[PDB]
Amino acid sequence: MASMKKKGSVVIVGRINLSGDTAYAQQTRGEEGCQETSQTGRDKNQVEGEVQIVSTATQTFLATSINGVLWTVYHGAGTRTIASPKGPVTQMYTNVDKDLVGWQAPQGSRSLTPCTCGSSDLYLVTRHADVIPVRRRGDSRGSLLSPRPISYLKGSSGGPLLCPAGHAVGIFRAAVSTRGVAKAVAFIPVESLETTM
């Protein structure tokens, strides 16, 4: 009881820059400053962009702003708060059944717009700033046009699947692999986010 520890906050440690012609990852905080920010929940760094790279003490993954909510996966964040300039921010959405959590989008973030195109030609954005073409195959599944080892997708849960026009279609949740090769991905459809809201 006296020694009861508390888990740290999720910390923004970088972002995927989709501003220009070339997508690229940027780190905005090193491990040590991430360690201290997770403990205090106090993050003074300027936030920019739609796709953040986030980290706990033991995991790193992505988080994506859609309609004023920073979304990510429950299997990464659990019920953790996120660090912010004035302290830990409690989740405003939690759904273990969808593998989904959300906090209010940070000041300075930009939000993606929910897709209403009805298109099945999608693009998955990874933590290494790869933009991977994906054909939608169902409400929550898409196939990679070019399969690759799951190693290349590890750490990209919470990232977005986008339509051709750059709208958010879903949040990357899991990889479907055969012999360690990712042939398809499962994602939380944006409609399921909009219902949660």
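What we label the rigid core is the largest C-alpha set whose atoms superpose within 1.5 Å from one form to the other. Numbering starts at 1 and runs along the sequence shown.
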| item | value |
| --- | --- |
| More variable segment, 129-137 or 22-30 [Cα RMS over structures in 7 other deposited structures of this protein, core-superposed] | 22-30 |
| Stretch with the higher entry mean CA B-factor, where the candidates are 18-26 and 185-193 | 18-26 |
| Residue range whose averaged C-alpha B-factor is higher in the record, 72-80 or 103-111 | 103-111 |
| Assigned third (lowest, middle, highest) for the C-alpha B factor of residue 12 | middle |
| Chain third (lowest, middle, highest) by recorded CA B-factor, residue given as residue 90 | middle |
| Chain third (lowest, middle, highest) by recorded CA B-factor, residue given as residue 164 | middle |
| Residue 42 by Cα B-factor - lowest, middle or highest third of the modelled chain | middle |
| Lowest, middle or highest third - CA B-factor, residue 126 | lowest |
